[PDB]
Every structure is written in structure tokens, then in C-alpha cells.
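What follows is a set of notes on a single structure, which appears directly below.
Residue numbers (the entry's author numbering): 1 to 162.
Structure, rendered in C-alpha cells:
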């Protein structure tokens, strides 16, 4: 049984495609984890942002009602505190964004790698196809040559009849 000489390379290249598919899927999942952590950060940021908004509106209502300089100073002092908590949450959100982007790029890179594996595997598959065509033609030429030769031997035997 004459098999393709580079069968071991083709077998391997099929495996490399399997592996790269699995890697793309793993990168999807890793990006999804970061996307989920981004949502948690944004959620935590939104509760501080809402708390800040509630404080501002509460002061704005007091202003509309008429208030005193002391009560304004006290509400404003608390508002400043919350404002810094809010900037700290926005920083946390921006860090997590950086994780999302890196994982996003890692996914893009894995898909480029999968396409490369598939291109290479297909180059080898095509060469197996073309080897096998040539193998078939070669065996046919050999068969044809031997049919000529046996045909002659038979006929030279019948000449030798006398």
C-alpha cells in the first residue's frame, strides 16, 4: 500500500488547525471574562455616580427652598468627597478597559493564527491530491509498459511455434 509520503505532515497540520480552533474559543472566553469584569466596574462606578447625583439634587432642592450659608457649606463638603470617590471609580473602569482591549487583541491574533493554520494545511492537502494523481498516472504507465512487454513475450512464443 503506497500512501502519501508526507502523510505525517498532513496529519500534524490537521492537528494544528484543531489546536488553533480551540485556542480561538479559549480567547473568546478570556475576552468574555474581561468584558464581564468591565460591566462590574461600570456597575460600581454607576452607584457612586448616582449617589453623587442624588447629593447634588438634594442640595439643589434646598437651594430652591431657601437655605443658609452653613447648610450649603456642609452639603458642598460632602459633595466634594463623593466627587473624588467617583473619579477613583472612573479610574478603575479605565484600567479594566485596558484588560478588555488586550484580550480583544489576543482574540484577533488567535483568529489570524487559525487562518494561517488552515492555509498551511490546505497547501499540504493540495500536494497530497497532486501526488496521488501522479501516483495513479505512474502506476498506469507501468501497467501499460508491462502489457506491451507481456504481449510481445506471448507473441514471440507463438512465432517460436516453428
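Cβ atoms here follow ideal geometry from the backbone N, Cα and C, with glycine treated the same way.
First and last residue of the alpha helix (DSSP H) that includes residue 162? Segment: none, residue 162 is in no alpha helix (DSSP H) and carries neither H nor E.
Kindly list the residues whose CB is nearer than 6 Å to the CB of residue 16, restricted to its own chain and excluding five residues on each side of it in sequence; keep chain order. Contacts found: 117.
Counting only the same chain and skipping the five closest in sequence on each side, list residues whose C-beta sits under 8 Å from that of residue 106. Taken in chain order, the residues that qualify are 27, 30 and 31.
Would you identify the three-state DSSP class for residue 66, choosing helix, strand or coil? coil
Proximity below 8 Å, CB of residue 113 to CB of residue 13: no
Closer than 8 Å, CB to CB, is residue 40 near chain B or not? As a matter of chain content, chain B is missing from the structure shown, which is built from one protein chain.
What residues in its chain sit with their C-beta under 7 Å from that of residue 56, if we drop five residues either side in the sequence? 79
Measuring alpha carbon to alpha carbon, tell me which residue in 19, 7, 1 and 76 is nearest residue 115. It is 19.
Within its chain, find whatever has a CB closer than 7 Å to the CB of residue 2; leave out the 5 residues flanking it on each side and keep chain order. Counting only Cβ-Cβ distances below 7 Å, and skipping sequence neighbours, we find 135.
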